[PDB]
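Residue strings, one per chain:
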Amino acid sequence: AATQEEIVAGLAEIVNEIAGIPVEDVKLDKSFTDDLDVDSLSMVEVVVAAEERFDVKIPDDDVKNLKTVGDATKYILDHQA
């Protein structure tokens, strides 16, 4: 529970392992599956991995609400603390 520097850095790392992105592409405003090229079905894992890592909690309605890491992160941080 810090901020974007926690989230993005971590979320990218999740996307690194889940799919195979480099930890520089996942910035913000990046459409995950659409921009980065992550598997949609695996994106759900990335979310539960994100929130468990960044101390936020993201319900499935918000999982599908986050279309980019811009969404995600803004949601996460803002809901962590």
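Structural notes, computed from the coordinates.

Turning to helix 4 (residues 69-80), a few remarks are in order. With twelve residues, helix 4 should cover 16 Å at 1.5 Å per step; its first-to-last C-alpha distance of 15 Å lies within 8% of that length. Turning to helix 4, its buried residues number three or more, namely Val69, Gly70, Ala72, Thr73, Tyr75, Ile76 and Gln80. Contact partners of the buried residues in helix 4: helix 1 (4-18), helix 2 (40-54) and helix 3 (60-63). If you check the start of helix 4, you find a side-chain oxygen 3.0 Å away from the backbone N of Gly70, and it comes from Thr68.

A word on the packing of helix 1 against helix 2. Closest axis-to-axis distance for the helix 1/helix 2 pair is 9 Å, and the angle between their directions is 145°. Every pair of crossing elements has a handedness; the one defined by helix 1 and helix 2 is right-handed. From helix 1, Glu6, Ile7, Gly10, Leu11, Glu13, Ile14, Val15 and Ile18 reach across to helix 2, where they touch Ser42, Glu45, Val46, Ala49, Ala50, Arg53 and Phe54. Class assignment for the residues of the contact of helix 1 with helix 2 results in nine nonpolar, two polar and four charged.

By the secondary structure assignment, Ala81 is in the segment after helix 4. Sequence-wise, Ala81 and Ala2 are 79 residues apart; in three dimensions their C-alpha atoms are separated by 7.7 Å.

All chains considered together, the criterion is met by six salt bridges. For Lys30, the salt bridge is made with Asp25, and the minimal N-O distance between the two is 2.7 Å. Look at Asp25 and you get partly exposed, because its relative accessible area is 24%. Two residues, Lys67 and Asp71, come together in a salt bridge whose shortest N-O distance is 2.8 Å. You can call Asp71 partly exposed: its relative accessible area is 21%.

Of note in this structure, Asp37 is not a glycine but carries a positive phi near 90°. Among the secondary structure elements, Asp37 is positioned in the loop between helix 1 and helix 2.

About the thresholds
Residues numbered from 1 in each chain as written, not as in the entry; some residues may be left out. Heavy atoms only, no water. Helix = DSSP H or I, 4+ residues; strand = E, 2+ residues; numbered from the N terminus. Expected span 1.5 Å × (residues − 1). Buried < 20%, exposed > 50% of the residue type's maximum accessible area, 1.4 Å probe, protein only. Contact = heavy atoms within 4.5 Å. Polar contact = N/O pair within 3.5 Å; in protein donor to acceptor, adjacent residues only side chain to side chain. Axes fitted to C-alpha atoms, helices over the stretch in contact; angles between N-to-C directions. Left-handed = near helix turned anticlockwise from the far one by under 90°. Nonpolar A, V, L, I, M, F, W, Y, C, P; charged D, E, K, R; others polar. Salt bridge = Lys/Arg side-chain N within 4 Å of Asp/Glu carboxyl O.

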